[PDB]
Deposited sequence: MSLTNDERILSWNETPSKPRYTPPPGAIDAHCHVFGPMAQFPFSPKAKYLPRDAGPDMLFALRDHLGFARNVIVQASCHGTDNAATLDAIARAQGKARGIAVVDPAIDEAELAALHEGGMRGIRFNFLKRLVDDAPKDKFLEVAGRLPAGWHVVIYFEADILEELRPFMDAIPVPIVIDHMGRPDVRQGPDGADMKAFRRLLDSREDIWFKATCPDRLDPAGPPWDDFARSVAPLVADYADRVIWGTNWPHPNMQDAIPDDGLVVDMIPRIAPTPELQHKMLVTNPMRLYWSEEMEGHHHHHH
């Protein structure tokens, strides 16, 4: 099962962003796939991606003008965090990570994840409340990363109200950006952000949220006011190498170029790309 028989989901020659990130910018949402010969995929994987290893991730990072990454365990690796852990170590201090864990994971195994640069675990609502259970015994300084869609937010509110650690929401819970910055989903999402002092969100994935394609004007107009209103709670990522996006492969250059549209001032850019992800992933440096 060679490399070019497996699924490519990223642009192999992405454009250079016209946007220049500030020094110390963090891509807080990216992944690695394998390399398969070193780190097998999980028997449960929905599809077998091509290798997208640390070398490619760091090349992409430097190309996009970023300094650091948060490497988020990819679902093609299940609860085996080896590939992510190896990538983080290979960043030589320039990465931290998010894990996917079996809810029966040891206190000792979680401490080893911590030592290996993990600062959280991810739940994907797309095993009822073991999730609250494991979230209550995470090493200190950890958060949970959660993904959901707008249409399940209501039924999820009590669960998230219970989570004992800070919360990071991926892609803002997938609001329908066609509605505008004051539409139903954004209203519902703001209710969530207002419920707690420690709910953060990733203002990401215009490619997924906005069915119109670039320049993703609906994403820009709907998301910029959220970023402005919740500037101390927002982070950002490329989502490279774009798991399951083989039918709509984005150009990472244009993805980065959304940053100045959703965060128009240097201060908003500084918060979203440096101050906020540092507070969450490298708190010891703050």
| property | result |
| --- | --- |
| Ranges missing from the model, given as deposited sequence positions | 1-2, 129-135, 296-303 |
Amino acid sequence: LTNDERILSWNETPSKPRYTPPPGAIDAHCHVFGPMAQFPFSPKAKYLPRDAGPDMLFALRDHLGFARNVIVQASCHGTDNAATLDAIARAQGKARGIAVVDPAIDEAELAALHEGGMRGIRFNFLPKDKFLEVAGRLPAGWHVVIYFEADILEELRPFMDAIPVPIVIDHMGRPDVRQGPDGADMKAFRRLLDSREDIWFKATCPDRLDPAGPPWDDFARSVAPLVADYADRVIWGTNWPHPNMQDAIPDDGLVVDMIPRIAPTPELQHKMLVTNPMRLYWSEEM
From here on, numbers count along this sequence of modelled residues.
| property | result |
| --- | --- |
| Residue range whose averaged C-alpha B-factor is higher in the record, 85-93 or 138-146 | 138-146 |
| Higher-B stretch (mean Cα B-factor, as the entry records it), 45-53 or 217-225 | 45-53 |
| Which of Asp232, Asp62, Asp251, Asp27 ranks first by CA B-factor in the deposited coordinates | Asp232 |
| Residue with maximal Cα B-factor (values as given in the PDB entry) among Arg122, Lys128, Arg178, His171 | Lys128 |
| Third of chain Cα B-factors occupied by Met245 | middle |
| Entry-reported Cα temperature factor of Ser195, expressed as the chain third it lands in | highest |
| Third assignment of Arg208 from its chain's C-alpha B-factors | highest |
| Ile71 by Cα B-factor - lowest, middle or highest third of the modelled chain | lowest |
| Position of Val100 among the chain's modelled residues by C-alpha B-factor, lowest, middle or highest third | middle |
